[PDB]
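Input: a single structure, listed below in structure tokens.
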Amino acid sequence: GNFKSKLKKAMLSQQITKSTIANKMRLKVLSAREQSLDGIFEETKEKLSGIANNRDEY
Amino acid sequence: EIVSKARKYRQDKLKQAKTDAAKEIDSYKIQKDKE
């Protein structure tokens, strides 16, 4: 009984560490996607800053 | 004297049982710890 309780606690810890790892992985995917969005925003902002450098056009 | 000897035999076997069971108990405990 005690060994079953301890083993259940250990397996629960394995499931918790796995769920935390999955949460960190999903968070990593979201952070990568958002870094890509912010990168696209950086390129578009570079394009706007470059477009604003022309006095004749502006 | 025979009867008292059989009673001492009884007590001795009574401890021996507890030991020879306690070792299988601690081997089941050790096995549980191992698994």
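Before moving on, here are some points about what is shown:
Matching residues to (1) part of a loop (DSSP other than H, G, I, E, B); (2) under 32 Å from the mean Cα position of the chain (by Cα):
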position	(1), (2)
A:7	no, no
A:11	no, yes
A:22	no, yes
A:25	no, yes
A:29	no, yes
A:35	no, yes
A:55	yes, no
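- Members of the range B:10-35 that are of a type in the set (S, T, N, Q) and more than 14 Å from every other protein chain (Cβ to nearest Cβ): B:11, B:16, B:19
- Here residue A:32 does not qualify as closer than 30 Å to residue B:35 by Cα and out of contact with any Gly (no Cβ under 7 Å at 6 or more places or on another chain).
- Residue satisfying all of: in the range A:18-55; of a type in the set (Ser, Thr, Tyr), surrounded by 10 or more Cβ atoms within 10 Å (Cβ to Cβ) and farther than 30 Å from residue B:32 by Cα; nearest to the other protein chains (Cβ to nearest Cβ) among these: A:31
- For the range A:7-17, the count of residues that are surrounded by 10 or more Cβ atoms within 10 Å (Cβ to Cβ), within 30 Å of residue B:33 (Cβ to Cβ) and either of a type in the set (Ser, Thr, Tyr) or touching a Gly at 6+ places or on another chain (Cβ under 9 Å) (or both) is at least one.
Neighbour counts run over all protein chains shown; Cβ positions are idealised from the backbone, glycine included. The numbers here are math on the coordinates, done by the rules we state, and not lab data.
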